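Take a look at the structure tokens below, where one protein chain is shown in two forms, each on its own, as structure 1 and structure 2.
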Structure 1
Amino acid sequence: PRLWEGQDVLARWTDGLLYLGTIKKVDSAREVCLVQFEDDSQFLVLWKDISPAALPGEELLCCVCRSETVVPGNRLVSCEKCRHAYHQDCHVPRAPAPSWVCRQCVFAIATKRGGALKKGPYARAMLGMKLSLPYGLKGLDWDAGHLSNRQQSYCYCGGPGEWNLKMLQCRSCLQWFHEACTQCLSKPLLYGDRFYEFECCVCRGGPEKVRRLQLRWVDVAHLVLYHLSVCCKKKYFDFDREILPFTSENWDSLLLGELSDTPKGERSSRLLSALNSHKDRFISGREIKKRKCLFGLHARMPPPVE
């Protein structure tokens, strides 16, 4: 076929990044593969997110439309890095007529955790690529909350993703974008943090615009508790040894705006009060015969905005 067992490929993960992997099982019906990575973890990966190595004997055929047919207006261009060939019109945006580097390779170089490269040749090149989407946005089918689509197409990259796991939603097109694919963030994203106003490159026709929304103490409590729940894979967290230290030691990264006006000696009481006041959000360890100062979420769900 196109993919076989034991084949080494590049798989795009839900963080928008590429990882080396080996195909273990091929499902031609659902078009997914069981892929094993370097840390011996195994996950299902859609075929659209699997990049096979270019063949030395697959000379000048479009890796997208598979045709060798060439026409004046639409020539074939070979990527300098991955050696895959594209028709000029089978690449988004249009590949220039002939040191060209294709969209995925541009992303593979520029994308970094905490945000992609912000300045440099590859940073400017990715911005150019990010002016367009490699998929039809209006063709996507969303759930009720506009959190996920059945195509599993997100972001500038077109890769998979979970909205709550380091992604930002554009206020204009309502699409979700990977942290690693953005170039506008100064601090790392927390899990489930929607307290942003974000607008993508496509909607602006240029650089992204991002703004931090003002959090309340109940938001801080909920966000930290949710973020730690996901990170640490557990429900209950000690206030004095886990919750408060995370908040205080990482205070600047949390971008809490006006809350920085609160005297540092008071921060503990404000946060703890929020945890004890909203019994509809937070459950105390007392409810299961443990420490009163143990707290958790009733439902491990992100902090609601407003």
Structure 2
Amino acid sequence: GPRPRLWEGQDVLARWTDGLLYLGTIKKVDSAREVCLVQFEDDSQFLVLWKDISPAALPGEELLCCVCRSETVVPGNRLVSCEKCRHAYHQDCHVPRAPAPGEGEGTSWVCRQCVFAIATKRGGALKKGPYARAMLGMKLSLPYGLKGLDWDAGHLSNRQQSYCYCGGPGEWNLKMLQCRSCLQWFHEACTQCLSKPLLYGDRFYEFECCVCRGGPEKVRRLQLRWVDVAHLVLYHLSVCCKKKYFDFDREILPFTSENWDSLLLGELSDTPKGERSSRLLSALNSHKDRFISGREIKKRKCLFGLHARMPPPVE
């Protein structure tokens, strides 16, 4: 065709596996694999699926639905403009169907991409205000067909890499929650029900999504045991820091101490520090099936790391 949607040198927003949008520049378009090599603001380069790439509108493209690229307007399906990004959508090209002017619910209408761009946040999306309310509205619908997804055997990943309310990519074990009803996975940043950010690898939750609920999410934090605490802290640090071994006194205990309330430890919350340390140390030292230990006595280091790559079992 004479006018591709994407091209080398184009500035774009790309949705990452955390559901968030990052600014980048397209370096390569691969039409065989339907991906682009995108260079981000830290100069990192990654392949991104075309579905997860949004370019800006060119001058002269208010005539055009940004989804289907078409001019045409027919009765019942008009073009509507986003009052944020000023891109245009056919009512039926937007999910959910975009309201005709003056027929919306709030002060005004802003598109799904913009609502998510403004409302999603690391640690959990905005909970209060117009964008938070608009996001909840958007989240009652999915922008992809759930039933068509090609899942792996354990229902952890699908070939389309369509997850969550956003339809972005994602890694089930990295700050995502699985809905108990539809078994789809949802990003931390796209949810509105958490009181604290998720530990990587933490599945000690029960979750039900907005689509299944037909309204606000429901979530509950399950009770951890000390072995679960040790395993989850080590997993989280392993992911955050991309290394295997962590020093107890310099890294593990301070992390647990400094982030204590965020770990949502339930009944373990008032463990009095000295006992905090010894209980955690005991868990790390005693479960050799989970934890490998090491020593560097000349540096006064006591090291622990995980045996297994998989996140802690939920029991």
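Under this definition, the rigid core comprises the largest set of C-alpha atoms superposing within 1.5 Å between the forms. Along the sequence of structure 1, residues get numbers from 1 upward.
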Only one of 81, 194, 212, 235 crosses a C-alpha shift of 2 angstroms between the two structures, counting 2 angstroms or more, core aligned. Which residue?
81
If you line up the core, does residue 61 shift 2 angstroms or more at its C-alpha between the two structures?
yes
With the core lined up, does the C-alpha of residue 36 move 2 Å or more between the two structures?
no
Answer yes if the CA of residue 24 moves 2 Å or more between the two structures after aligning the rigid core, and no otherwise.
no
Shift in Å of the C-alpha at residue 288 between the two structures after core superposition
12.3
Once both forms sit on the same core, give the Cα displacement of residue 106 between the two structures in angstrom.
1.1
Cα shift of residue 300 between the two structures after core superposition, in Å?
2.8
